[PDB]
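Structure, as structure tokens:
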Amino acid sequence: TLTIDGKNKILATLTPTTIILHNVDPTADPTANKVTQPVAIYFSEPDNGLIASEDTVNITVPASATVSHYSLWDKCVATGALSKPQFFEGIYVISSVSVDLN
Amino acid sequence: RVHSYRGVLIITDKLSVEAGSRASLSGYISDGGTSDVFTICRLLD
Numbered sequence: 001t002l003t004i005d006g007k008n009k010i011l012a013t014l015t016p017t018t019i020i021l022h023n024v025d026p027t028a029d030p031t032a033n034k035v036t037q038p039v040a041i042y043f044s045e046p047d048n049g050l051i052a053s054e055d056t057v058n059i060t061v062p063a064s065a066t067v068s069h070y071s072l073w074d075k076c077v078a079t080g081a082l083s084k085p086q087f088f089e090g091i092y093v094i095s096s097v098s099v100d101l102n
Numbered sequence: 001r002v003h004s005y006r007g008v009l010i011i012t013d014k015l016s017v018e019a020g021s022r023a024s025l026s027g028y029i030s031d032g033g034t035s036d037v038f039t040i041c042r043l044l045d
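Here the protein sequences line up with chains D and V, keeping their order.
Note that this note's numbering has the first sequence beginning at 1, numbered continuously upward.
Note that this note's numbering has the second sequence beginning at 1, numbered continuously upward.
Structure (structure tokens):
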């Protein structure tokens with residue numbers, strides 16, 4: 001039952017520098033199934049135990065590929081499933097991605 | 001939590017057009033011109 005101060009101190013040490021998309025679920029194995037190359041992402045300062053990316057991210061999905069999930073790297077620190085899978089070639093737009101302790 | 005969202009892909013461009021121009025003109029110092037009637041002449045006073 002951490003207080004807001006503990007959550008803010010904790011989140012200040014997360015430094016996810018890049019993101020990668022996966023067609024297979026990367027939670028079991030985040031090293032394989034790379035769909036797109038690493039793309040830099042930027043994160044804001046913690047507030048009320050939450051952080052979010054400061055700006056939009058654009059990713060080039062290769063030909064005849066599909067995207068299902070994502071994984072953060074800096075080593076890997078997090079993974080998650082996209083709001084909806086999409087069979088495109090094109091540009092996939094990722095809005096703010098938030099990490100929370102609430 | 002870890003959450004993701006989606007946004008609309010936006011692109012910008014600069015399209016502009018141009019045409020160019022040219023001019024021409026041809027002539028020469030005239031002599032006699034052209035006349036349908038052309039015959040020997042005598043001019044009295």
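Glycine residues also receive a C-beta, built at the ideal position from the N, C-alpha and C atoms.
Taking the Cβ atom as the reference point for each residue, do residue i and residue j lie within a distance shorter than 9 Å?
i	j	result
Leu21 of chain D	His69 of chain D	yes
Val57 of chain D	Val39 of chain D	yes
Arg1 of chain V	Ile94 of chain D	no
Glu89 of chain D	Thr60 of chain D	yes
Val99 of chain D	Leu14 of chain D	yes
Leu72 of chain D	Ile41 of chain D	yes
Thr36 of chain D	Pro16 of chain D	no
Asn102 of chain D	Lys7 of chain D	yes
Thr27 of chain D	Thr79 of chain D	yes
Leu9 of chain V	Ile91 of chain D	yes
Let me know if residue i comes out buried or exposed under the rule of 16 or more other beta-carbons within 10 Å of its beta-carbon.
i	result
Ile40 of chain V	exposed
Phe87 of chain D	exposed
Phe38 of chain V	exposed
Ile19 of chain D	buried
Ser30 of chain V	exposed
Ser64 of chain D	exposed
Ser53 of chain D	buried
Who pairs with residue i in a beta bridge, going by DSSP?
i	result
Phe87 of chain D	D:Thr66
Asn33 of chain D	Its beta-bridge partners do not exist; DSSP assigns none.
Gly33 of chain V	Answer is none; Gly33 of chain V lacks a bridge partner.
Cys76 of chain D	D:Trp73
Can you pull the chain D neighbours of residue i, defined as C-beta to C-beta under 8 Å?
i	result
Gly7 of chain V	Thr56, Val93, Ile94, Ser95
Residues of chain V with CB under 9 Å from residue i, in chain order?
i	result
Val99 of chain D	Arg1, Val2, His3
What does residue i reach in chain V if we use C-beta pairs closer than 8 Å?
i	result
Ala65 of chain D	Per Cβ cutoff of 8 Å: no residues; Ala65 of chain D is ~17 Å from chain V at best.
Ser83 of chain D	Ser4, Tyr5, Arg6
List the residues of chain V that residue i touches, going by C-beta distances under 7 Å, in chain order.
i	result
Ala40 of chain D	Near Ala40 of chain D there are no residues of chain V at all, since even the closest Cβ is about 17 Å away, more than 7 Å.
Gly80 of chain D	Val2, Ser4
| task | Mind the definition here: the stretch 44-54 of chain D touches the stretch 76-84 of chain D only if three or more C-beta pairs lie below 8 Å; say whether that holds. | result | no
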